[PDB]
>>> print(open('run21.pdb').read())   # PDB, C-alpha atoms
ATOM      1  CA  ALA S   1      34.113 -47.945  35.007  1.00  0.00           C
ATOM      2  CA  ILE S   2      31.065 -48.829  37.096  1.00  0.00           C
ATOM      3  CA  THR S   3      29.504 -45.516  38.136  1.00  0.00           C
ATOM      4  CA  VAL S   4      26.181 -44.492  39.642  1.00  0.00           C
ATOM      5  CA  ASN S   5      26.179 -40.695  39.448  1.00  0.00           C
ATOM      6  CA  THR S   6      26.115 -40.262  35.651  1.00  0.00           C
ATOM      7  CA  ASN S   7      24.541 -42.429  32.948  1.00  0.00           C
ATOM      8  CA  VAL S   8      25.409 -41.504  29.359  1.00  0.00           C
ATOM      9  CA  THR S   9      23.653 -44.378  27.597  1.00  0.00           C
ATOM     10  CA  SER S  10      20.401 -43.092  29.077  1.00  0.00           C
ATOM     11  CA  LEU S  11      21.068 -39.576  27.760  1.00  0.00           C
ATOM     12  CA  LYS S  12      21.654 -40.852  24.236  1.00  0.00           C
ATOM     13  CA  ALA S  13      18.587 -43.111  24.360  1.00  0.00           C
ATOM     14  CA  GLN S  14      16.495 -40.132  25.485  1.00  0.00           C
ATOM     15  CA  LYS S  15      17.657 -38.072  22.526  1.00  0.00           C
ATOM     16  CA  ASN S  16      16.899 -40.828  20.001  1.00  0.00           C
ATOM     17  CA  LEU S  17      13.438 -41.414  21.485  1.00  0.00           C
ATOM     18  CA  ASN S  18      12.654 -37.697  21.296  1.00  0.00           C
ATOM     19  CA  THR S  19      13.714 -37.531  17.640  1.00  0.00           C
ATOM     20  CA  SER S  20      11.459 -40.467  16.776  1.00  0.00           C
ATOM     21  CA  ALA S  21       8.470 -38.957  18.607  1.00  0.00           C
ATOM     22  CA  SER S  22       8.880 -35.637  16.791  1.00  0.00           C
ATOM     23  CA  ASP S  23       8.979 -37.359  13.391  1.00  0.00           C
ATOM     24  CA  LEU S  24       5.843 -39.361  14.194  1.00  0.00           C
ATOM     25  CA  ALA S  25       3.923 -36.252  15.278  1.00  0.00           C
ATOM     26  CA  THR S  26       4.872 -34.476  12.042  1.00  0.00           C
ATOM     27  CA  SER S  27       3.641 -37.406   9.947  1.00  0.00           C
ATOM     28  CA  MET S  28       0.367 -37.586  11.904  1.00  0.00           C
ATOM     29  CA  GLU S  29      -0.266 -33.887  11.242  1.00  0.00           C
ATOM     30  CA  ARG S  30       0.423 -34.267   7.523  1.00  0.00           C
ATOM     31  CA  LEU S  31      -1.990 -37.208   7.201  1.00  0.00           C
ATOM     32  CA  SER S  32      -4.693 -35.388   9.164  1.00  0.00           C
ATOM     33  CA  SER S  33      -4.455 -32.228   7.054  1.00  0.00           C
ATOM     34  CA  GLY S  34      -3.907 -33.657   3.574  1.00  0.00           C
ATOM     35  CA  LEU S  35      -1.184 -31.105   2.766  1.00  0.00           C
ATOM     36  CA  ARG S  36       2.586 -31.395   2.538  1.00  0.00           C
ATOM     37  CA  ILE S  37       3.239 -27.727   3.344  1.00  0.00           C
ATOM     38  CA  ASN S  38       1.553 -26.675   6.584  1.00  0.00           C
ATOM     39  CA  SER S  39       4.041 -23.900   7.438  1.00  0.00           C
ATOM     40  CA  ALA S  40       7.119 -22.210   6.044  1.00  0.00           C
ATOM     41  CA  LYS S  41       9.208 -24.608   8.126  1.00  0.00           C
ATOM     42  CA  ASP S  42       8.332 -27.139   5.408  1.00  0.00           C
ATOM     43  CA  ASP S  43       9.027 -25.438   2.060  1.00  0.00           C
ATOM     44  CA  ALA S  44       9.351 -21.665   1.782  1.00  0.00           C
ATOM     45  CA  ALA S  45       9.661 -21.141  -1.976  1.00  0.00           C
ATOM     46  CA  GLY S  46       6.855 -23.599  -2.672  1.00  0.00           C
ATOM     47  CA  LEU S  47       4.630 -21.627  -0.307  1.00  0.00           C
ATOM     48  CA  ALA S  48       4.976 -18.461  -2.402  1.00  0.00           C
ATOM     49  CA  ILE S  49       4.731 -20.283  -5.735  1.00  0.00           C
ATOM     50  CA  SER S  50       1.537 -21.940  -4.512  1.00  0.00           C
ATOM     51  CA  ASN S  51       0.094 -18.647  -3.258  1.00  0.00           C
ATOM     52  CA  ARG S  52       0.518 -17.228  -6.762  1.00  0.00           C
ATOM     53  CA  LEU S  53      -0.988 -20.309  -8.427  1.00  0.00           C
ATOM     54  CA  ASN S  54      -3.894 -20.088  -5.974  1.00  0.00           C
ATOM     55  CA  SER S  55      -4.522 -16.464  -6.956  1.00  0.00           C
TER      56      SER S  55
ATOM     57  CA  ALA T   1     -20.125  -9.073 -41.690  1.00  0.00           C
ATOM     58  CA  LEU T   2     -17.787 -11.963 -42.527  1.00  0.00           C
ATOM     59  CA  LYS T   3     -14.742  -9.754 -41.974  1.00  0.00           C
ATOM     60  CA  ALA T   4     -16.031  -8.404 -38.650  1.00  0.00           C
ATOM     61  CA  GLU T   5     -16.153 -11.927 -37.306  1.00  0.00           C
ATOM     62  CA  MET T   6     -12.668 -12.657 -38.699  1.00  0.00           C
ATOM     63  CA  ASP T   7     -11.306  -9.641 -36.809  1.00  0.00           C
ATOM     64  CA  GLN T   8     -12.881 -10.735 -33.534  1.00  0.00           C
ATOM     65  CA  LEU T   9     -11.306 -14.185 -33.940  1.00  0.00           C
ATOM     66  CA  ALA T  10      -7.874 -12.673 -34.602  1.00  0.00           C
ATOM     67  CA  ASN T  11      -8.271 -10.543 -31.465  1.00  0.00           C
ATOM     68  CA  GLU T  12      -8.976 -13.654 -29.402  1.00  0.00           C
ATOM     69  CA  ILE T  13      -5.935 -15.426 -30.888  1.00  0.00           C
ATOM     70  CA  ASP T  14      -3.822 -12.453 -29.791  1.00  0.00           C
ATOM     71  CA  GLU T  15      -5.392 -12.438 -26.321  1.00  0.00           C
ATOM     72  CA  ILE T  16      -4.606 -16.126 -25.770  1.00  0.00           C
ATOM     73  CA  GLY T  17      -1.085 -15.390 -26.987  1.00  0.00           C
ATOM     74  CA  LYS T  18      -0.454 -12.667 -24.413  1.00  0.00           C
ATOM     75  CA  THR T  19      -2.514 -14.021 -21.504  1.00  0.00           C
ATOM     76  CA  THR T  20      -1.296 -17.605 -20.938  1.00  0.00           C
ATOM     77  CA  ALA T  21       0.820 -17.854 -17.792  1.00  0.00           C
ATOM     78  CA  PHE T  22       2.225 -20.113 -15.084  1.00  0.00           C
ATOM     79  CA  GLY T  23       1.252 -18.039 -12.086  1.00  0.00           C
ATOM     80  CA  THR T  24       2.741 -14.743 -13.227  1.00  0.00           C
ATOM     81  CA  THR T  25       5.316 -15.768 -15.871  1.00  0.00           C
ATOM     82  CA  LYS T  26       4.177 -15.594 -19.486  1.00  0.00           C
ATOM     83  CA  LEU T  27       4.595 -18.667 -21.685  1.00  0.00           C
ATOM     84  CA  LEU T  28       3.536 -17.794 -25.247  1.00  0.00           C
ATOM     85  CA  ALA T  29       5.013 -14.295 -25.538  1.00  0.00           C
ATOM     86  CA  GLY T  30       8.650 -15.157 -26.312  1.00  0.00           C
ATOM     87  CA  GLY T  31      10.247 -15.683 -22.889  1.00  0.00           C
ATOM     88  CA  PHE T  32      10.937 -19.366 -23.610  1.00  0.00           C
ATOM     89  CA  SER T  33      12.050 -18.808 -27.224  1.00  0.00           C
ATOM     90  CA  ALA T  34      15.525 -19.721 -26.062  1.00  0.00           C
ATOM     91  CA  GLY T  35      14.604 -22.509 -23.707  1.00  0.00           C
ATOM     92  CA  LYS T  36      14.973 -22.740 -19.944  1.00  0.00           C
ATOM     93  CA  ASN T  37      16.793 -25.587 -18.211  1.00  0.00           C
ATOM     94  CA  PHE T  38      15.444 -27.815 -15.453  1.00  0.00           C
ATOM     95  CA  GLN T  39      18.023 -29.891 -13.590  1.00  0.00           C
ATOM     96  CA  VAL T  40      16.452 -33.352 -13.489  1.00  0.00           C
ATOM     97  CA  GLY T  41      19.368 -35.192 -11.864  1.00  0.00           C
ATOM     98  CA  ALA T  42      21.600 -35.007  -8.826  1.00  0.00           C
ATOM     99  CA  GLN T  43      24.739 -33.724 -10.583  1.00  0.00           C
ATOM    100  CA  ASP T  44      25.466 -30.546 -12.496  1.00  0.00           C
ATOM    101  CA  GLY T  45      24.755 -30.629 -16.209  1.00  0.00           C
ATOM    102  CA  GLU T  46      22.047 -33.318 -16.056  1.00  0.00           C
ATOM    103  CA  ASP T  47      19.158 -31.238 -17.312  1.00  0.00           C
ATOM    104  CA  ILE T  48      16.441 -30.838 -19.948  1.00  0.00           C
ATOM    105  CA  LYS T  49      15.572 -27.729 -21.966  1.00  0.00           C
ATOM    106  CA  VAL T  50      11.985 -26.576 -22.597  1.00  0.00           C
ATOM    107  CA  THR T  51      11.507 -24.296 -25.613  1.00  0.00           C
ATOM    108  CA  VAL T  52       8.341 -22.405 -26.586  1.00  0.00           C
ATOM    109  CA  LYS T  53       8.175 -19.766 -29.312  1.00  0.00           C
ATOM    110  CA  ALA T  54       5.785 -16.829 -29.474  1.00  0.00           C
TER     111      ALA T  54
END
>>> encode(input="run21.pdb", output="structure tokens")
Amino acid sequence: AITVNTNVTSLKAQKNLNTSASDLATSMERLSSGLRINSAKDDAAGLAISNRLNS
Amino acid sequence: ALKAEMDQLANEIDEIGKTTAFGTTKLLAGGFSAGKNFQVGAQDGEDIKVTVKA
């Protein structure tokens, strides 16, 4: 069909572009900080193990 | 005098024996006497055993 009111290819392209931008921002943060684990989003058990090793 | 220094050295050997740790788990006290396994592959059973006696 040739339709004007809905465009699905654009929706899917938007979602892919957003995923790529998120990944790039995460990498930029990790290079700026120098650490792999900046939150518990990253690795939760490693966070606690590293707190104990830090103590 | 000689024996007093021998006793202090034996005390420090015992202290190193009970104090060494990885974070909070003791290593030279007998907890690894029967080793622990680390899975070093992607499938079950592909693992290496680390054994340390007291």
>>> closest_atom_pairs(input="run21.pdb", of="chain S", to="chain T", cutoff="8 Å", atoms="all atoms listed in the file", output="JSON lines")
{"residue": "S:49", "atom": "CA", "partner": "T:23", "partner_atom": "CA", "distance": 7.6}
{"residue": "S:52", "atom": "CA", "partner": "T:23", "partner_atom": "CA", "distance": 5.4}
{"residue": "S:53", "atom": "CA", "partner": "T:23", "partner_atom": "CA", "distance": 4.9}
{"residue": "S:55", "atom": "CA", "partner": "T:23", "partner_atom": "CA", "distance": 7.9}
>>> write_last_selection(input="run21.pdb", atoms="C-alpha atoms", output="short mmCIF file (atom, residue, chain, number, x, y, z; two decimals), in the frame of the given file")
data_model
loop_
_atom_site.label_atom_id
_atom_site.label_comp_id
_atom_site.auth_asym_id
_atom_site.auth_seq_id
_atom_site.Cartn_x
_atom_site.Cartn_y
_atom_site.Cartn_z
CA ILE S 49 4.73 -20.28 -5.74
CA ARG S 52 0.52 -17.23 -6.76
CA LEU S 53 -0.99 -20.31 -8.43
CA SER S 55 -4.52 -16.46 -6.96
#
>>> residues_around(input="run21.pdb", residues="residue 47 in chain T", least_positions_apart="5", cutoff="10 Å", atoms="all atoms listed in the file", output="PDB file with C-alpha atoms, keeping the file's coordinate frame")
ATOM      1  CA  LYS T  36      14.973 -22.740 -19.944  1.00  0.00           C
ATOM      2  CA  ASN T  37      16.793 -25.587 -18.211  1.00  0.00           C
ATOM      3  CA  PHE T  38      15.444 -27.815 -15.453  1.00  0.00           C
ATOM      4  CA  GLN T  39      18.023 -29.891 -13.590  1.00  0.00           C
ATOM      5  CA  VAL T  40      16.452 -33.352 -13.489  1.00  0.00           C
ATOM      6  CA  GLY T  41      19.368 -35.192 -11.864  1.00  0.00           C
ATOM      7  CA  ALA T  42      21.600 -35.007  -8.826  1.00  0.00           C
TER       8      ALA T  42
END
>>> resolve_selection(input="run21.pdb", expression="the PyMOL selection byres ((chain T and resi 51-53) around 9)", output="number ranges by chain")
T: 27-36, 49-50, 54
>>> atom_distance(input="run21.pdb", atom1="CA of residue 23 in chain S", atom2="CA of residue 6 in chain S")
28.2 Å
>>> atom_distance(input="run21.pdb", atom1="CA of residue 14 in chain S", atom2="CA of residue 2 in chain S")
20.6 Å
>>> residues_around(input="run21.pdb", residues="residue 26 in chain S", least_positions_apart="4", cutoff="12 Å", atoms="only C-alpha atoms", output="VMD selection string")
chain S and resid 19 to 22 30 to 33 35 to 39 41 to 42
>>> atom_distance(input="run21.pdb", atom1="CA of residue 16 in chain T", atom2="CA of residue 2 in chain T")
21.7 Å
>>> decode(input="run21.pdb", residues="range 14-48 of chain S", atoms="N, CA and C atoms", output="mmCIF file, in the first residue's frame")
data_model
loop_
_atom_site.group_PDB
_atom_site.id
_atom_site.type_symbol
_atom_site.label_atom_id
_atom_site.label_comp_id
_atom_site.auth_asym_id
_atom_site.auth_seq_id
_atom_site.Cartn_x
_atom_site.Cartn_y
_atom_site.Cartn_z
ATOM 1 N N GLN S 14 13.758 5.214 14.054
ATOM 2 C CA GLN S 14 13.878 5.986 15.286
ATOM 3 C C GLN S 14 14.357 5.118 16.435
ATOM 4 N N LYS S 15 13.787 3.920 16.574
ATOM 5 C CA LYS S 15 14.182 3.085 17.704
ATOM 6 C C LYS S 15 15.639 2.634 17.590
ATOM 7 N N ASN S 16 16.077 2.261 16.384
ATOM 8 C CA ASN S 16 17.481 1.877 16.219
ATOM 9 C C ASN S 16 18.421 3.037 16.527
ATOM 10 N N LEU S 17 18.087 4.237 16.044
ATOM 11 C CA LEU S 17 18.944 5.396 16.278
ATOM 12 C C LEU S 17 19.041 5.720 17.764
ATOM 13 N N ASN S 18 17.933 5.576 18.491
ATOM 14 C CA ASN S 18 17.960 5.817 19.928
ATOM 15 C C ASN S 18 18.839 4.803 20.648
ATOM 16 N N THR S 19 18.750 3.530 20.259
ATOM 17 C CA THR S 19 19.593 2.510 20.881
ATOM 18 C C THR S 19 21.072 2.820 20.679
ATOM 19 N N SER S 20 21.441 3.204 19.457
ATOM 20 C CA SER S 20 22.833 3.533 19.175
ATOM 21 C C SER S 20 23.309 4.725 20.000
ATOM 22 N N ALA S 21 22.481 5.771 20.103
ATOM 23 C CA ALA S 21 22.873 6.949 20.876
ATOM 24 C C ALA S 21 23.082 6.611 22.349
ATOM 25 N N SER S 22 22.196 5.793 22.919
ATOM 26 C CA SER S 22 22.365 5.380 24.308
ATOM 27 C C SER S 22 23.679 4.634 24.520
ATOM 28 N N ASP S 23 23.997 3.691 23.627
ATOM 29 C CA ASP S 23 25.249 2.946 23.767
ATOM 30 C C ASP S 23 26.458 3.873 23.704
ATOM 31 N N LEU S 24 26.431 4.843 22.787
ATOM 32 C CA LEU S 24 27.559 5.760 22.658
ATOM 33 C C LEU S 24 27.734 6.608 23.912
ATOM 34 N N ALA S 25 26.631 7.105 24.478
ATOM 35 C CA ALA S 25 26.724 7.884 25.711
ATOM 36 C C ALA S 25 27.319 7.065 26.851
ATOM 37 N N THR S 26 26.896 5.806 26.985
ATOM 38 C CA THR S 26 27.463 4.945 28.022
ATOM 39 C C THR S 26 28.971 4.792 27.862
ATOM 40 N N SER S 27 29.423 4.536 26.634
ATOM 41 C CA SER S 27 30.854 4.376 26.391
ATOM 42 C C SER S 27 31.628 5.651 26.714
ATOM 43 N N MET S 28 31.080 6.807 26.328
ATOM 44 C CA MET S 28 31.719 8.089 26.615
ATOM 45 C C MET S 28 31.905 8.282 28.114
ATOM 46 N N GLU S 29 30.860 7.985 28.892
ATOM 47 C CA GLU S 29 30.955 8.072 30.348
ATOM 48 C C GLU S 29 32.053 7.173 30.897
ATOM 49 N N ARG S 30 32.109 5.930 30.421
ATOM 50 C CA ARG S 30 33.097 4.988 30.938
ATOM 51 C C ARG S 30 34.523 5.430 30.621
ATOM 52 N N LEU S 31 34.750 6.000 29.433
ATOM 53 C CA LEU S 31 36.086 6.503 29.109
ATOM 54 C C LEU S 31 36.432 7.753 29.904
ATOM 55 N N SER S 32 35.442 8.595 30.198
ATOM 56 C CA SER S 32 35.728 9.804 30.965
ATOM 57 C C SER S 32 36.051 9.483 32.418
ATOM 58 N N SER S 33 35.406 8.462 32.979
ATOM 59 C CA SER S 33 35.587 8.156 34.393
ATOM 60 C C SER S 33 36.812 7.287 34.651
ATOM 61 N N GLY S 34 37.071 6.316 33.783
ATOM 62 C CA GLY S 34 38.115 5.342 34.007
ATOM 63 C C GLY S 34 37.676 4.097 34.733
ATOM 64 N N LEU S 35 36.380 3.931 34.976
ATOM 65 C CA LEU S 35 35.831 2.819 35.737
ATOM 66 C C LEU S 35 34.798 2.079 34.906
ATOM 67 N N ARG S 36 34.744 0.761 35.089
ATOM 68 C CA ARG S 36 33.736 -0.044 34.409
ATOM 69 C C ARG S 36 32.403 0.006 35.137
ATOM 70 N N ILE S 37 32.431 0.056 36.462
ATOM 71 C CA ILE S 37 31.225 0.039 37.276
ATOM 72 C C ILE S 37 31.019 1.442 37.825
ATOM 73 N N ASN S 38 30.092 2.190 37.232
ATOM 74 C CA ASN S 38 29.730 3.502 37.740
ATOM 75 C C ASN S 38 28.457 3.489 38.572
ATOM 76 N N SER S 39 27.666 2.425 38.495
ATOM 77 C CA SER S 39 26.420 2.305 39.232
ATOM 78 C C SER S 39 26.181 0.826 39.491
ATOM 79 N N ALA S 40 25.040 0.520 40.105
ATOM 80 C CA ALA S 40 24.664 -0.879 40.259
ATOM 81 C C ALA S 40 23.906 -1.405 39.051
ATOM 82 N N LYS S 41 23.478 -0.518 38.151
ATOM 83 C CA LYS S 41 23.033 -0.921 36.825
ATOM 84 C C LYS S 41 24.062 -1.780 36.111
ATOM 85 N N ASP S 42 25.346 -1.563 36.383
ATOM 86 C CA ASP S 42 26.435 -2.178 35.638
ATOM 87 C C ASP S 42 26.733 -3.590 36.140
ATOM 88 N N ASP S 43 27.118 -3.714 37.408
ATOM 89 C CA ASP S 43 27.438 -5.014 37.992
ATOM 90 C C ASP S 43 27.196 -4.896 39.489
ATOM 91 N N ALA S 44 26.229 -5.656 40.009
ATOM 92 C CA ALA S 44 25.792 -5.450 41.386
ATOM 93 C C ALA S 44 26.639 -6.246 42.370
ATOM 94 N N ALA S 45 26.969 -7.493 42.034
ATOM 95 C CA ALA S 45 27.808 -8.292 42.919
ATOM 96 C C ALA S 45 29.245 -7.794 42.946
ATOM 97 N N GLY S 46 29.753 -7.339 41.799
ATOM 98 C CA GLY S 46 31.079 -6.758 41.759
ATOM 99 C C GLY S 46 31.188 -5.489 42.573
ATOM 100 N N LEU S 47 30.108 -4.711 42.641
ATOM 101 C CA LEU S 47 30.094 -3.519 43.484
ATOM 102 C C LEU S 47 30.366 -3.863 44.946
ATOM 103 N N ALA S 48 29.682 -4.876 45.479
ATOM 104 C CA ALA S 48 29.874 -5.234 46.881
ATOM 105 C C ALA S 48 31.231 -5.890 47.114
#
